[PDB]
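What follows is a single chain, given as structure tokens, in the form deposited in one PDB entry.
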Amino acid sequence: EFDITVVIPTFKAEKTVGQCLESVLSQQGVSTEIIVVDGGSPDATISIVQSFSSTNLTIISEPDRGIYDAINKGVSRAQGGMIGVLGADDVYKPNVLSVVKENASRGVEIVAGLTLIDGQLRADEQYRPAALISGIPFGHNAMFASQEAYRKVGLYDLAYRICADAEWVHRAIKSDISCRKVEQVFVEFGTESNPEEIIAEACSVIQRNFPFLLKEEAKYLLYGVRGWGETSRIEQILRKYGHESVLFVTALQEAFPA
């Protein structure tokens, strides 16, 4: 079979899909499956992907309902023990896939690494209940999840077009999926959405973790942890809902130590 499966969603990615695939095919010490899920690109995207044409490259090209819909197609078709997602304008760093296989050999379900964005490290958080009241704890492209992890968590929720990665990881946390965080850069993200749109999805994700929360309550927790608002009502929300979930108590204790 394969150690790794790399799912690459693409739509009009002729500028960079080459560099993307180069960073995957040069990975040493691993048998890797590449699944390019194209959304019906009208440009030279498909012909560039076919230029490589390795025996381990599968090309899907058809209209889809978004990045996460295309991801879901690739994940379902993956045959490698560990599955990563790489944007066509991202690149893995050298030796990353071998590190993923190394950690996967010891039984870890999720292997996540650091993320380089415009020459700076992504400000990652911890894979822990506190993440449930914030965003995705690490860069999504820096994440690798085993077949078993996906079988037990499921696919990405297409109702979330921006924060579906955070919503999947929060479910992985809620599912008690093991995670190893590697303090090394896995991915170099490419920088070339309306804030309210993201804030709306983030709050909705938080409510999906803790349905007993209203919109403003989730937003107040979001703004409180993110530093955009005051944290005077944090104690009221713990008492108001503490009895509902120990996870919610744990998430608040980790996030707001005072």
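Residues that one form lacks are left out of the comparison. For every residue, the number given is its place in the sequence shown, counted from 1. So that the term is clear: the rigid core is the largest set of C-alpha atoms that superpose within 1.5 Å between two forms.
According to the entry, the deposited sequence places 4 to 9 unmodelled residues between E192 and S193.
With 120-128 and 144-152 compared on mean CA B-factor from the PDB entry, the stretch scoring higher is 144-152. Of the two stretches examined, 215-223 and 30-38, the record assigns the greater average C-alpha temperature factor to 215-223. Per the deposited coordinates, the residue with the largest Cα temperature factor out of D90, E183, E167, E102 is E102. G18: CA B factor in the middle third of modelled residues in this chain (values from the PDB entry).
In the PDB entry, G107 places in the highest third of its chain by CA B-factor. For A258, the recorded CA B-factor ranks within the highest third of the chain. Only modelled residues enter the ranking. Split the chain's modelled residues into thirds by C-alpha temperature factor. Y68 is in the lowest one.
When the modelled residues of the chain are ordered by their C-alpha B factor, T115 lands in the lowest third.
Only in words, not in the display: the form deposited in another entry, which the text now covers.
When both forms sit on the same rigid core, the CA shifts between the shown form and the other one reach 2 angstroms or more only at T231 out of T32, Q207, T231, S41. Segments of at least three consecutive residues in which every Cα is displaced by 2 Å or more between the shown form and the other one, once the core is aligned, occur only at 223-233.
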